[PDB]
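To start, the structure itself, in structure tokens.
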Amino acid sequence: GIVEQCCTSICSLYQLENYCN
Amino acid sequence: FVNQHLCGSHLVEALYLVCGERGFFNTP
């Protein structure tokens, strides 16, 4: 999920934005 | 070297920024 994608790995803008409501 | 990870309060801040009015951690 978001912690493994953005914190452990690196996440792109669109990955991050897709987590938004 | 500089790092690209968003963890903790940085990840929270990033979601506030990019989600804007859409918000996050909500249910409709």
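Just so we're on the same page: first chain in the structure tokens is A, next is B, and so on; residues restart at 1 for each chain, and ligands are numbered from 1 in the order they show up.
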Residue list for chain B near chain A as a ChimeraX atom specification, 7 Å, only C-alpha atoms: /B:4-7,18-19,22-26
Go ahead and dump the residues you just picked, N, CA, C and O atoms, as an mmCIF file, in the first residue's frame.
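Output below, filename part06.cif:
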data_model
loop_
_atom_site.group_PDB
_atom_site.id
_atom_site.type_symbol
_atom_site.label_atom_id
_atom_site.label_comp_id
_atom_site.auth_asym_id
_atom_site.auth_seq_id
_atom_site.Cartn_x
_atom_site.Cartn_y
_atom_site.Cartn_z
ATOM 1 N N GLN B 4 14.363 10.398 -1.682
ATOM 2 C CA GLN B 4 13.090 10.602 -2.357
ATOM 3 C C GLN B 4 11.940 9.958 -1.651
ATOM 4 O O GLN B 4 10.790 10.140 -2.093
ATOM 5 N N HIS B 5 12.198 9.272 -0.518
ATOM 6 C CA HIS B 5 11.115 8.615 0.241
ATOM 7 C C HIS B 5 10.233 9.602 0.990
ATOM 8 O O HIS B 5 10.694 10.677 1.433
ATOM 9 N N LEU B 6 8.925 9.328 1.015
ATOM 10 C CA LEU B 6 7.973 10.109 1.797
ATOM 11 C C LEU B 6 7.447 9.231 2.910
ATOM 12 O O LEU B 6 6.624 8.359 2.663
ATOM 13 N N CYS B 7 7.878 9.541 4.110
ATOM 14 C CA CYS B 7 7.600 8.801 5.323
ATOM 15 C C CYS B 7 7.054 9.709 6.396
ATOM 16 O O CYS B 7 7.425 10.883 6.520
ATOM 17 N N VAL B 18 -1.204 17.219 -2.328
ATOM 18 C CA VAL B 18 -1.656 16.787 -3.629
ATOM 19 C C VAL B 18 -3.156 16.487 -3.689
ATOM 20 O O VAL B 18 -3.794 16.668 -4.734
ATOM 21 N N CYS B 19 -3.735 16.050 -2.578
ATOM 22 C CA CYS B 19 -5.161 15.673 -2.585
ATOM 23 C C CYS B 19 -6.041 16.931 -2.565
ATOM 24 O O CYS B 19 -7.172 16.874 -3.025
ATOM 25 N N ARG B 22 -10.100 17.313 -2.567
ATOM 26 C CA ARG B 22 -10.568 15.932 -2.643
ATOM 27 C C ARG B 22 -10.382 15.215 -1.283
ATOM 28 O O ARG B 22 -11.206 14.416 -0.887
ATOM 29 N N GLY B 23 -9.317 15.511 -0.565
ATOM 30 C CA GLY B 23 -9.055 14.923 0.740
ATOM 31 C C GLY B 23 -8.593 13.480 0.604
ATOM 32 O O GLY B 23 -8.439 12.947 -0.495
ATOM 33 N N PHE B 24 -8.404 12.833 1.752
ATOM 34 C CA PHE B 24 -7.929 11.466 1.786
ATOM 35 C C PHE B 24 -8.383 10.869 3.152
ATOM 36 O O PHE B 24 -8.790 11.628 4.037
ATOM 37 N N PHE B 25 -8.400 9.536 3.270
ATOM 38 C CA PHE B 25 -8.862 8.886 4.510
ATOM 39 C C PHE B 25 -10.301 9.205 4.864
ATOM 40 O O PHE B 25 -10.696 9.216 6.063
ATOM 41 N N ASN B 26 -11.107 9.417 3.842
ATOM 42 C CA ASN B 26 -12.498 9.677 4.040
ATOM 43 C C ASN B 26 -13.314 8.670 3.219
ATOM 44 O O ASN B 26 -12.763 7.835 2.485
#
Backbone-only DSSP, alpha helix (DSSP H) members of chain B, as a list in words: residues 9, 10, 11, 12, 13, 14, 15, 16, 17, 18 and 19 of chain B
